[PDB]
């Protein structure tokens, strides 16, 4: 009775046209035989290449970030611009944007709200730091991040939201969360959604895990009842993303 899983590739700031062409061919040649939404999020400048080359019908293309409106915002890409070029998925609130690039809960929440209004599917990232984990604040943090986002959404908007629980200490560090750690958080998130948003919304909501997912640990994560797939960084640059997808069977 889980909702449809998602296997999402966050390529981050990586790729050449040669490397992308090779990896997209790998993705194309991998026949997927279960119901899963695959997502690839290239850098902005690589979106047209991926749109030209990616043909696997289980995939959609996502942006890694956006701003809400067009205008005098040198260097940024807006949601209307993405929609016009055919991109209607976006990752918002990823941790280094929160950490490095000043995206507060309020800024993330506003972005998510705008994206939903413009018809995007949104992968909204939440997660605690190592300091917060060791201070026994994990629940408080992820619920605060989630409630900030929720405050700007209507109930219907949640049909467009995907949460990605990504402990900051697991991102790129080779220190994956255990299945029990991840399940604990996904369960408490889903219960919050059930009680604060709706029981229907909670049952349908995809809550993905991210942070050092690889092809060897993914199936055991996916076996937990409240884990609906993955947001994958480093391993999504490699052919083993195929087995991460198949770990959602």
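Positions refer to the first chain, counted from 1.
According to the PDB record, 127 to 135 carries the higher mean C-alpha B-factor of the two stretches 160 to 168 and 127 to 135. Of the two stretches examined, 108 to 116 and 137 to 145, the record assigns the greater average C-alpha temperature factor to 137 to 145. For the set 45, 223, 208, 40, the maximum C-alpha B-factor listed in the entry falls on 223. In this structure the maximum Cα B-factor among 32, 66, 60, 218 is found at 32.
In this PDB entry, residue 121 carries a Cα temperature factor that places it within the lowest third of its chain's modelled residues.
In this PDB entry, the Cα temperature factor of residue 70 sits in the bottom third of its chain's modelled residues, the lowest group. Among the modelled residues of its chain, residue 83 has a C-alpha B-factor that falls in the lowest third, as given in the PDB entry. Residue 6 sits in the lowest third of its chain by CA B factor, as recorded in the PDB entry. Residue 94: CA B factor lies in the lowest third for its chain, per the PDB record.
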